[PDB]
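J.: Before we start, here is the structure in question, set down as structure tokens.
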Amino acid sequence: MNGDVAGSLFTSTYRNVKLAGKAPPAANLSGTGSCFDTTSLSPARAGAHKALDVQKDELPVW
Amino acid sequence: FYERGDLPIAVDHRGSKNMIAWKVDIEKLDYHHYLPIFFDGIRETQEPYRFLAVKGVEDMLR
Amino acid sequence: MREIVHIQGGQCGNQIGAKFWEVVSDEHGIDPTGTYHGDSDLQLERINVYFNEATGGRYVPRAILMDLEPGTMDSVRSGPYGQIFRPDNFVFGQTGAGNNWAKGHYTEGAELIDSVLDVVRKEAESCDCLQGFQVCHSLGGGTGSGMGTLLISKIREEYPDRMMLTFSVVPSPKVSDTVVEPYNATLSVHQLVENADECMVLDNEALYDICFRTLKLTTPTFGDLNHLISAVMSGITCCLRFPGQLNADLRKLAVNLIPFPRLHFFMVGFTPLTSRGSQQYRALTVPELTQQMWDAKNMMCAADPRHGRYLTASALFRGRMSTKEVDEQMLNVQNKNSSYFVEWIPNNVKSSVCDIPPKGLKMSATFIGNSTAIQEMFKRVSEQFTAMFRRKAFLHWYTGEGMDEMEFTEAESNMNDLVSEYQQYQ
Amino acid sequence: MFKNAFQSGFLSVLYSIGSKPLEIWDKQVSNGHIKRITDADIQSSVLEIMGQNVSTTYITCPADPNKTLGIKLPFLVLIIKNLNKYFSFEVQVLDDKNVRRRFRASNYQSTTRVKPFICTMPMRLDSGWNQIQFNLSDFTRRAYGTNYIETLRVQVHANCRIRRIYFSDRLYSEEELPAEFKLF
Amino acid sequence: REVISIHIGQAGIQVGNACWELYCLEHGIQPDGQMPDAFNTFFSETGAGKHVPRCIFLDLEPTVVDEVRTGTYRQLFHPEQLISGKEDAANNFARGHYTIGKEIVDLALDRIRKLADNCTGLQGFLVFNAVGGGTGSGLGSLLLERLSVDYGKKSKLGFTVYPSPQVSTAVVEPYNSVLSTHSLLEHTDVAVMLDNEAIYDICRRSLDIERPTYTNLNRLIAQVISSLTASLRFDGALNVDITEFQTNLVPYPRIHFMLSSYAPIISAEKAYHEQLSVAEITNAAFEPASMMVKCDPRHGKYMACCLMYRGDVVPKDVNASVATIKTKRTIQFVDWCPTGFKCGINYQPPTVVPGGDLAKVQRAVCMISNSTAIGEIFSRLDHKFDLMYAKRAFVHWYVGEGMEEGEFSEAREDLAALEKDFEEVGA
Amino acid sequence: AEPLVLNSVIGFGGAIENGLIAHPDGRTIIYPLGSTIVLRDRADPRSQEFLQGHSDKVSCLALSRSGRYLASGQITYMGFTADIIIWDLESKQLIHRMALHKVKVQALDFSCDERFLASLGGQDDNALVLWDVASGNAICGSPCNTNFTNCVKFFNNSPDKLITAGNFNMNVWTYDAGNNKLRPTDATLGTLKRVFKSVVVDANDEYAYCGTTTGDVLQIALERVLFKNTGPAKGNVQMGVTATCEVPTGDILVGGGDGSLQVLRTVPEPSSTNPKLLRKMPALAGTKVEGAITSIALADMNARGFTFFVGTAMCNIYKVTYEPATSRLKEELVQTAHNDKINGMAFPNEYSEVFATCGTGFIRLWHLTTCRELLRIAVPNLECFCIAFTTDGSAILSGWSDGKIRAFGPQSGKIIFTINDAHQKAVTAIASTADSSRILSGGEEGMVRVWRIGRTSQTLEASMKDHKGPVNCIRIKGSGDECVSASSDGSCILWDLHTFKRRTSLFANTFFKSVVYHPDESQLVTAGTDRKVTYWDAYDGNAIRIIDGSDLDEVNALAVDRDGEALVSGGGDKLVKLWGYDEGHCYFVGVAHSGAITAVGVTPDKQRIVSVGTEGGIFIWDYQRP
Amino acid sequence: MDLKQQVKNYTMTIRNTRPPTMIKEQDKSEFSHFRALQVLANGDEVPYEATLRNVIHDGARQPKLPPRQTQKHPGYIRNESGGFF
Ligand SMILES: Nc1nc2c(ncn2[C@@H]2O[C@H](COP(=O)(O)OP(=O)(O)OP(=O)(O)O)[C@@H](O)[C@H]2O)c(=O)[nH]1
Ligand SMILES: Nc1nc2c(ncn2[C@@H]2O[C@H](COP(=O)(O)OP(=O)(O)O)[C@@H](O)[C@H]2O)c(=O)[nH]1
Ligand SMILES: [Mg+2]
């Protein structure tokens with residue numbers, strides 16, 4: 001229950017990246033290109049969990 | 001009970017034989033809860049406690 | 001058992017606090033990573049005062065860092081003994097007040113004071129028996145003066161029964177950094193006189209003068225200035241953290257040094273202070289420490305103690321000594337300089353002894369004097385304030401942020417009457 | 001412990017405002033958690049015990065299971081907050097026949113069973129913060145012909161916000177209670 | 001015959017931290033609490049091979065208390081004896097008497113109660129404190145009043161340390177002293193004045209130590225206490241208990257302030273220098289350079305005097321010495337007391353504590369007298385009190401704590417009446 | 001006059017940074033002693049020739065890559081220039097002595113081509129000077145920084161240098177023959193303001209590794225002097241990093257502030273699929289070591305593993321083996337010594353191969369034949385003074401600076417009793433009587449006390465306070481009646497036990513230091529600060545004869561053979577004198593004890609002489625007829 | 001008076017009931033050390049660590065400081081009459 005949900009965004013991000021010192025997760029920046037231009041949309045789905053484990057030969061035999 | 005400190009007794013420590021300073025008046029004291037305690041305490045022979053037990057028994061009986 | 005909560009505000013406050021925590025960690029023998037590694041057992045028994053115990057044999061400081069710029073936090077985490085601070089005590093803004101008391105006390109305060117108050121209160125119940133608060137800051141800046149004053153107001157509103165130390169550095173016309181120094185200082189001291197239980201007045205000019213004359217150093221860097229102030233900061237509280245032949249409480253010092261509720265502006269010194277070229281030609285004895293301590297050139301304020309009268313004074317010693325030599329030396333200093341003390345308060349000297357001298361020294365002392373010479377510095381600031389105010393210079397950036405003229409008028413009146421009582425009792 | 005203590009009219013065994021509130025208590029947590037957080041109602045630090053299984057997570061009064069504290073005070077008072085979940089607490093007492101009775105007050109049972117060793121009782125709590133006073137002497141008198149002598153341990157279970165559990169000797173009113181023991 | 005000692009404040013606790021090792025050294029008790037009947041007056045033998053003292057050290061700061069807890073005598077004092085509060089009185093009489101006193105004195109007195117019940121032939125009380133501080137003044141007076149309302153009849157030897165006229169280590173100590181004395185009058189029966197500058201001078205001249213600390217002061221105070229309690233502890237040719245002072249040293253219900261002195265304070269080489277006899281030590285026990293409170297008795301007249309002796313002392317020489325002193329005119333008595341001397345003798349000589357400088361003397365004398373030099377001392381303290389009170393300095397701390405200027409006014413007028421009584425009686 | 005053969009030696013200085021170093025060829029170790037450097041055969045503990053000539057304590061060592069040239073620097077009194085001394089390890093002679101640095105020389109470094117030396121000196125000097133090896137000349141110098149600089153190291157091509165200041169900076173200095181000047185370039189730290197202690201350079205000059213006092217390794221890419229990834233990922237070490245060494249592989253062996261060894265991988269690597277590199281992971285968590293690490297040296301090159309010699313602040317030299325295949329460090333301590341000045345030593349009665357030597361806070365029992373320390377007792381923070389066995393082997397008495405006398409047991413080191421306060425300050429002399437029931441003590445107050453010890457108690461008898469100065473020695477006669485006390489009033493007092501009185505008082509102009517009974521109790525031999533030994537008649541007290549041996553400085557050490565023919569004496573100088581008793585004749589030895597000798601003794605079996613000085617050194621000699 | 005203090009008194013009461021301990025801390029053991037000394041006396045091939053053992057006692061409580069000087073040079077200060085204290 002916070003008066004402003006976005007009331008901690010910048011401070012939390014800065015504390016995580018610098019103050020606490022833990023490595024910040026830097027991923028999903030592929031295909032965004034530069035600024036001032038539209039980002040190329042990837043056809044991948046964010047919500048979908050496309051794990052699809054492939055144990056082709058490491059599966060033990062009964 | 002005396003070690004617990006629920007007995008309202010102090011020693012006068014007078015020049016004559018010492019009397020018992022009673023924190024509360026003995027008249028309204030609950031005899032049912034106190035008389036068996038002191039009557040059981042008559043048995044012991046240690047110096048600081050036997051005098052207290054005997055004097056308390058005497059005072060209640062009087 | 002007795003607990004002090006430290007708060008750092010502004011650039012000067014944060015740097016001085018970092019140096020102070022380095023000094024305290026060295027004195028208690030804990031490494032810059034947070035693990036105790038000392039030899040004597042005197043250190044363990046009084047680490048609850050400045051260090052809450054943490055899992056893994058690590059001790060974290062009981063201080064709250066407060067500012068508005070990322071640069072100060074980056075510098076604090078950069079320096080040595082910067083890894084011991086708890087990362088969640090960094091109450092932190094984004095923009096910076098920029099030498100504006102309005103920006104520090106009315107605009108950014110309205111959204112930072114709630115968070116800083118929550119952290120301070122939570123750290124307050126983190127300790128069982130509170131003793132007091134100590135805040136280290138400036139009186140000329142924006143993020144250190146205004147926000148510090150607002151935090152003091154809220155604290156003293158919530159906890160009306162605890163000691164209050166405000167290590168505040170004050171401007172001097174010779175060493176002048178910014179331009180609205182009188183504007184910030186007048187309002188800050190206006191609130192401090194009605195709010196703070198005592199104020200530790202410091203200034204850069206006196207420290208520079210001491211470093212030039214006594215220490216005979218070539219480049220008196222900010223590190224040296226902060227180290228001297230840090231030595232004072234540890235000396236004033238050594239009594240609670242170590243046993244001695246005459247233990248003195250912080251409230252004990254407050255009662256001995258405050259005869260009237262508003263005459264609570266003290267001036268500080270430290271001894272011994274000698275150059276390396278002369279360290280070998282000097283002994284270590286109470287008479288020489290006392291003469292250096294009472295020398296006017298060992299004082300850390302731009303106010304000559306000989307231009308006024310000592311209402312009260314106190315000396316806190318560290319090291320193995322004799323109370324006989326201590327109190328006879330105080331007798332001598334009171335008798336020879338009899339006219340310099342007030343006449344209607346006998347025994348103007350309080351003395352305390354502690355059994356632990358600081359690391360690197362055989363013996364130390366700390367002077368704290370409630371004299372009436374501070375009125376000179378206050379008049380020095382007030383005349384600048386009146387000169388700026390008669391023309392309303394710079395006043396529009398204060399009036400355009402919610403403020404008006406009445407608070408300035410009241411501050412000027414308050415400072416005038418306050419220096420009037422200093423002069424009257426002088 | 002506590003056998004040589006003074007045991008005046010008031011005696012606290014756990015206070016939520018302190019450096020180490022849980023020094024004599026022995027936390028035993030499984031599928032749950034314990035915290036010290038600031039409540040949004042009384043603006044102070046209180047301890048939270050939460051657990052999926054109320055019978056698993058609890059805190060006992062004496063750390064050593066064999067070694068038992070000694071308190072002669074009749075009344076035991078808790079200051080808790082109702083989280084609208086299952087909550088229970090247990091106390092051991094000693095009678096003059098030198099046997100150990102047990103009193104367990106629970107939120108999730110209906111009948112009041114009386115056994116030779118355990119008396120299980122129902123409790124009904126109000127909405128927010130409330131103080132419960134237990135009156136060990138009267139409960140011992142009602143549950144058995146015995147009378148109260150001594151308390152051997154106390155243990156509170158999951159789903160509770162707790163602060164200032166203590167002992168007392170009288171039915172103190174709110175106005176006559178000392179300040180640090182009040183609710184506001 | 002047993003007497004119980006209680007210590008309040010830093011000064012009282014350290015005086016006790018001297019007296020107790022002196023006592024166990026006298027009785028041959030190792031610090032852990034066992035020997036390898038005379039001890040019964042101080043140490044109670046409990047269980048088997050364990051002796052515990054009859055005292056309570058109590059103070060609000062924990063520093064001195066747990067320094068004692070972790071010091072040399074950890075096993076001697078029972079852990080329940082050492083009471084410790086949380087924060088100082090901060091040289092505030094009101095803070096020490098009304099804020100933390102209401103919380104600590106109840107436990108303190110209900111502990112001394114169990115001490116008393118364990119005791120059987122309790123002779124009386126004796127308190128160790130300095131009125132300059134906050135705790136030893138405020139809560140000392142509070143505990144005094146409560147003990148008086150509890151027992152009342154029994155004697156209360158209060159060995160109180162007052163501030164030196166010109167040596168000072170505080171600021172509001174005149175306030176603390178007058179406020180404490182206002183209660184010390186009508187509750188204590190025998191109050192013994194002690195100073196610090198006088199002891200500094202004593203150890204400077206006689207004990208020829210150039211840099212004396214509090215340790216030597218406490219050691220010699222302990223020596224005085226042991227010398228005045230040796231009559232109960234051991235047997236002599238003429239013994240007196242605590243109750244002879246109560247009748248021979250208090251001629252009037254309110255004039256009870258006794259000055260103390262001790263002889264011979266001799267170092268190691270001066271022991272071989274000077275000849276130890278009775279006449280010269282009795283003479284040395286009377287000049288101003290050998291009394292524990294810095295004041296000049298020649299301005300006053302003696303009312304009563306008591307001489308305890310330890311060691312190889314026969315009544316012949318003390319009788320001759322008292323006769324010579326009475327014939328001497330440099331010291332003058334008062335008309336209301338033709339027989340102003342009370343002698344007492346004990347066979348055991350004083351002991352030597354390794355670590356002190358006092359040498360093994362075959363005999364010693366302790367002097368306790370009543371005079372008016374206390375009258376000038378109280379007048380001086382009253383003057384330096386009213387000087388500061390004229391400007392209402394430091395009164396805001398008291399009024400904030402909860403007191404007012406009322407009790408200040410009554411304390412001032414009560415001390416004025418006390419001086420009136422001294423100047424009337426000395427006539 | 002003839003020199004005395006020097007048998008074994010125990011002792012080295014572990015406080016010196018990077019002091020203990022191995023010769024690059026063959027079997028040779030070298031470490032700094034008090035004010036001399038000591039060579040040792042790495043194979044067998046046969047002490048090699050010592051190299052004297054230093055005015056005061058040596059503080060830094062350096063060795064050429066070829067191992068032919070050695071450089072040593074010392075610390076001198078304030079105002080007197082410290083001198084760097086150069087030695088040839090093939091022909092052991094002084095080659096160059098250069099005195100330029102004001103107070104002390106911080107560090108020295110030799111070049112890859114063994115042509116230049118870098119000298120950094122002074123807490124206050126802070127001037128870097130470059131010398132040449134061909135002649136005792138100085139090429140060029142420059143002030144380093146406002147803050148003091150700690151260490152200097154060369155590259156493997158050596159026109160360049162790198163130094164790291166103590167407080168807050170780091171520089172790379174290049175040397176050019178065009179201007180004969182040193183051009184510095186400061187390091188580019190992002191924000192770090194760390195305090196550097198030790199530095200090491202790679203085998204190919206790409207990076208340099210410096211240990212901060214914050215407790216982490218710090219990597220600097222050279223030729224641009226840029227900051228890169230920091231040290232251990234698994235937190236920092238318990239105190240500041242104190243020692244660093246370069247494995248011949250791509251690893252760094254780092255020794256932290258609390259005896260902690262770690263092997264850190266040097267190759268960078270990116271983690272979490274980001275441009276940011278992860279911290280240097282520890283490829284091996286080495287076990288703890290008792291002493292604080294101060295020196296690491298790569299001793300041997302073996303295809304199965306790498307051997308390193310590690311010095312400690314507690315003066316404990318360790319040999320550690322590191323196996324890259326199976327990551328594990330194996331440690332064996334090879335020698336131990338005293339970290340601080342030692343004073344006083346004891347011999348068991350008619351028993352030879354036990355030494356009781358005590359230093360600050362430490363009692364140590366040593367074995368004579370093999371020099372291996374058998375037992376140690378440690379009190380946290382105290383200064384030790386006179387210690388002595390009882391005439392029975394039951395107890396070892398020890399004085400302490402706080403005024404307490406403590407008695408310990410020989411086996412298991414159990415304390416049997418202690419006196420809570422024997423003297424008002426430090427006690428200086430303790431002696432035991434033949435009956436083992438009485439003990440004599442003497443402190444700095446100037447009083448002598450006597451204590452009777454019963455099976456359950458310790459009682460104090462009459463105490464005599466004749467002396468006005470510190471009591472320096474106490475000696476009891478075969479029967480307990482007679483005991484002599486020598487103090488600093490210029491007087492020696494003879495006491496009586498049956499009645500605690502004094503018989504006579506021997507007097508001299510200067511302070512008496514040592515007094516020894518002659519066998520059969522015929523006479524007394526005393527030594528003091530008059531530089532004169534004096535014979536005294538034991539019965540009445542009279543000066544028989546005065547010998548002016550060693551008039552240069554004071555003498556405080558005396559012992560006499562069991563029969564009474566030989567008399568061994570110390571002094572304020574560095575030589576040990578061996579006189580005949582009846583005649584004044586010399587059989588002394590000169591080269592030993594870089595520090596002033598403080599005590600001496602002769603083994604009861606008349607085979608060996610043991611001497612202990614103001615530095616942590618025990619020198620086992622060989623006895624011979626005078 | 002307080003809960004922490006009461007627990008401390010209980011712990012210290014137990015610590016006074018227990019008999020005093022001569023050794024605060026021990027390394028290795030006396031028995032193993034005796035075997036190490038025995039094999040050393042019998043022959044060779046004994047490591048240094050085997051023979052070396054240390055025991056730590058309570059010792060001084062205060063930190064280590066250089067001793068005080070109580071009396072200065074005798075020619076500087078004197079008492080009222082004369083002498084050297
Ligand atoms: N004789 C003697 N007096 C002492 C000693 N220590 C303190 N005092 C005296 O005590 C007076 C002040 O009271 P303190 O004992 O210091 O402290 P307190 O009585 O507990 O009062 P607070 O400090 O407010 O808690 C000083 O004026 C000293 O003269 C001591 O060791 N020996
Ligand atoms: N002693 C000391 N004083 C400093 C330091 N940094 C800044 N100051 C002083 O602080 C004053 C300016 O305060 P400022 O930084 O603007 O306060 P802020 O805006 O609230 O952070 C200057 O006059 C400086 O003399 C420091 O590191 N040490
Ligand atoms: Mg006090």
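Residue numbers start at 1 in each chain; chains themselves are named A, B, ... in the order of the structure tokens; ligands are numbered from 1 in the order shown.
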As a VMD selection string, please: every protein or nucleic acid residue near ligand 2 (cut-off 6 Å, counting only C-alpha atoms and all ligand atoms).
T.: chain C and resid 10 to 12 15 98 to 99 138 140 to 145 176 to 177 204 222 225 to 226
J.: Using DSSP on the backbone, list every residue of segment 3-70 of chain G that comes out as helix (DSSP H, G or I), and give them as an MDAnalysis selection string.
T.: chainID G and resid 3:17 30:42 48:51
J.: With only C-alpha atoms and all ligand atoms counted, collect every polymer residue having an atom within 8 Å of ligand 3; state the result as a list in words.
T.: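 Sorted by chain and then by number, the residues are residues 247 and 248 of chain C; 9, 10, 11, 59, 60, 61, 88, 89, 90, 91, 133, 134, 135 and 136 of chain E.
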J.: Within 10 Å of chain G, which residues of chain C are there when counting only C-alpha atoms? Please give them as a ChimeraX atom specification.
T.: /C:38-43,284-285,319-322,355-357,361-362
J.: Report as JSON, numbers by chain all protein, DNA and RNA residues lying within 12 Å of segment 29-32 of chain B, evaluated on only C-alpha atoms, omitting residues in the same chain fewer than 5 positions from it.
T.: {"B": [7, 8, 22, 23, 24, 37, 38, 39, 56, 57, 59, 60, 61]}
J.: Residues as selected, N, CA, C and O atoms, written as a PDB file, in the first residue's frame, can you do that?
T.:
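The resulting file, out19.pdb, is shown below:
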```pdb
ATOM      1  N   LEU B   7       5.371 -13.141  51.747  1.00  0.00           N
ATOM      2  CA  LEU B   7       5.046 -12.951  53.156  1.00  0.00           C
ATOM      3  C   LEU B   7       5.358 -11.521  53.577  1.00  0.00           C
ATOM      4  O   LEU B   7       6.472 -11.041  53.339  1.00  0.00           O
ATOM      5  N   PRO B   8       4.411 -10.814  54.194  1.00  0.00           N
ATOM      6  CA  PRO B   8       4.621  -9.401  54.555  1.00  0.00           C
ATOM      7  C   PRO B   8       5.281  -9.237  55.924  1.00  0.00           C
ATOM      8  O   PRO B   8       4.727  -8.623  56.840  1.00  0.00           O
ATOM      9  N   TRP B  22       4.817  -6.380  60.742  1.00  0.00           N
ATOM     10  CA  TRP B  22       3.888  -6.901  59.751  1.00  0.00           C
ATOM     11  C   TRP B  22       3.503  -5.776  58.800  1.00  0.00           C
ATOM     12  O   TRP B  22       2.979  -4.743  59.232  1.00  0.00           O
ATOM     13  N   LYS B  23       3.772  -5.972  57.507  1.00  0.00           N
ATOM     14  CA  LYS B  23       3.449  -4.953  56.514  1.00  0.00           C
ATOM     15  C   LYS B  23       1.947  -4.695  56.473  1.00  0.00           C
ATOM     16  O   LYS B  23       1.499  -3.546  56.400  1.00  0.00           O
ATOM     17  N   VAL B  24       1.153  -5.763  56.518  1.00  0.00           N
ATOM     18  CA  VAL B  24      -0.298  -5.649  56.595  1.00  0.00           C
ATOM     19  C   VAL B  24      -0.734  -6.089  57.987  1.00  0.00           C
ATOM     20  O   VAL B  24      -0.034  -6.862  58.650  1.00  0.00           O
ATOM     21  N   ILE B  37       1.372 -22.878  56.154  1.00  0.00           N
ATOM     22  CA  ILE B  37       2.713 -22.554  55.678  1.00  0.00           C
ATOM     23  C   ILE B  37       3.669 -22.388  56.854  1.00  0.00           C
ATOM     24  O   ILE B  37       4.745 -22.998  56.900  1.00  0.00           O
ATOM     25  N   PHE B  38       3.277 -21.578  57.835  1.00  0.00           N
ATOM     26  CA  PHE B  38       4.163 -21.316  58.962  1.00  0.00           C
ATOM     27  C   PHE B  38       4.278 -22.544  59.853  1.00  0.00           C
ATOM     28  O   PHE B  38       5.344 -22.820  60.422  1.00  0.00           O
ATOM     29  N   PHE B  39       3.184 -23.297  59.986  1.00  0.00           N
ATOM     30  CA  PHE B  39       3.225 -24.516  60.781  1.00  0.00           C
ATOM     31  C   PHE B  39       4.176 -25.538  60.174  1.00  0.00           C
ATOM     32  O   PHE B  39       4.855 -26.264  60.909  1.00  0.00           O
ATOM     33  N   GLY B  56       5.821 -15.728  63.738  1.00  0.00           N
ATOM     34  CA  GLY B  56       4.582 -15.584  62.992  1.00  0.00           C
ATOM     35  C   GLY B  56       3.481 -16.489  63.512  1.00  0.00           C
ATOM     36  O   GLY B  56       2.323 -16.072  63.630  1.00  0.00           O
ATOM     37  N   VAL B  57       3.825 -17.740  63.829  1.00  0.00           N
ATOM     38  CA  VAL B  57       2.839 -18.658  64.395  1.00  0.00           C
ATOM     39  C   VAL B  57       2.307 -18.104  65.710  1.00  0.00           C
ATOM     40  O   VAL B  57       1.093 -18.090  65.957  1.00  0.00           O
ATOM     41  N   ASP B  59       2.228 -14.971  66.727  1.00  0.00           N
ATOM     42  CA  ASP B  59       1.430 -13.768  66.526  1.00  0.00           C
ATOM     43  C   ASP B  59       0.038 -14.107  66.008  1.00  0.00           C
ATOM     44  O   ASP B  59      -0.957 -13.542  66.484  1.00  0.00           O
ATOM     45  N   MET B  60      -0.062 -15.021  65.036  1.00  0.00           N
ATOM     46  CA  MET B  60      -1.388 -15.398  64.555  1.00  0.00           C
ATOM     47  C   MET B  60      -2.205 -16.061  65.653  1.00  0.00           C
ATOM     48  O   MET B  60      -3.398 -15.777  65.800  1.00  0.00           O
ATOM     49  N   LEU B  61      -1.587 -16.951  66.434  1.00  0.00           N
ATOM     50  CA  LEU B  61      -2.336 -17.598  67.504  1.00  0.00           C
ATOM     51  C   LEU B  61      -2.791 -16.595  68.555  1.00  0.00           C
ATOM     52  O   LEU B  61      -3.862 -16.765  69.149  1.00  0.00           O
TER      53      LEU B  61
END
```
J.: Please identify every residue of chain C that has at least one atom no farther than 12 Å from an atom of ligand 1, counting only C-alpha atoms and all ligand atoms, and for each give the shortest atom pair and the distance in Å to one decimal, arranged by chain then increasing number, as JSON lines.
T.:
```
{"residue": "C:239", "atom": "CA", "partner": "ligand 1", "partner_atom_place_in_ligand_line": "23 (O)", "distance": 11.6}
{"residue": "C:240", "atom": "CA", "partner": "ligand 1", "partner_atom_place_in_ligand_line": "23 (O)", "distance": 12.0}
{"residue": "C:244", "atom": "CA", "partner": "ligand 1", "partner_atom_place_in_ligand_line": "6 (N)", "distance": 9.9}
{"residue": "C:245", "atom": "CA", "partner": "ligand 1", "partner_atom_place_in_ligand_line": "6 (N)", "distance": 6.6}
{"residue": "C:246", "atom": "CA", "partner": "ligand 1", "partner_atom_place_in_ligand_line": "16 (O)", "distance": 5.7}
{"residue": "C:247", "atom": "CA", "partner": "ligand 1", "partner_atom_place_in_ligand_line": "23 (O)", "distance": 6.8}
{"residue": "C:248", "atom": "CA", "partner": "ligand 1", "partner_atom_place_in_ligand_line": "23 (O)", "distance": 6.2}
{"residue": "C:249", "atom": "CA", "partner": "ligand 1", "partner_atom_place_in_ligand_line": "23 (O)", "distance": 7.2}
{"residue": "C:250", "atom": "CA", "partner": "ligand 1", "partner_atom_place_in_ligand_line": "23 (O)", "distance": 10.5}
{"residue": "C:251", "atom": "CA", "partner": "ligand 1", "partner_atom_place_in_ligand_line": "24 (O)", "distance": 9.1}
{"residue": "C:252", "atom": "CA", "partner": "ligand 1", "partner_atom_place_in_ligand_line": "24 (O)", "distance": 6.4}
{"residue": "C:253", "atom": "CA", "partner": "ligand 1", "partner_atom_place_in_ligand_line": "23 (O)", "distance": 9.9}
{"residue": "C:254", "atom": "CA", "partner": "ligand 1", "partner_atom_place_in_ligand_line": "24 (O)", "distance": 11.6}
{"residue": "C:255", "atom": "CA", "partner": "ligand 1", "partner_atom_place_in_ligand_line": "24 (O)", "distance": 9.8}
{"residue": "C:256", "atom": "CA", "partner": "ligand 1", "partner_atom_place_in_ligand_line": "24 (O)", "distance": 10.2}
{"residue": "C:322", "atom": "CA", "partner": "ligand 1", "partner_atom_place_in_ligand_line": "31 (O)", "distance": 11.2}
{"residue": "C:323", "atom": "CA", "partner": "ligand 1", "partner_atom_place_in_ligand_line": "31 (O)", "distance": 9.3}
{"residue": "C:324", "atom": "CA", "partner": "ligand 1", "partner_atom_place_in_ligand_line": "29 (O)", "distance": 11.1}
{"residue": "C:327", "atom": "CA", "partner": "ligand 1", "partner_atom_place_in_ligand_line": "29 (O)", "distance": 10.5}
{"residue": "C:347", "atom": "CA", "partner": "ligand 1", "partner_atom_place_in_ligand_line": "27 (O)", "distance": 11.6}
{"residue": "C:350", "atom": "CA", "partner": "ligand 1", "partner_atom_place_in_ligand_line": "27 (O)", "distance": 9.9}
{"residue": "C:351", "atom": "CA", "partner": "ligand 1", "partner_atom_place_in_ligand_line": "26 (C)", "distance": 9.9}
{"residue": "C:352", "atom": "CA", "partner": "ligand 1", "partner_atom_place_in_ligand_line": "16 (O)", "distance": 9.0}
{"residue": "C:353", "atom": "CA", "partner": "ligand 1", "partner_atom_place_in_ligand_line": "6 (N)", "distance": 10.3}
```
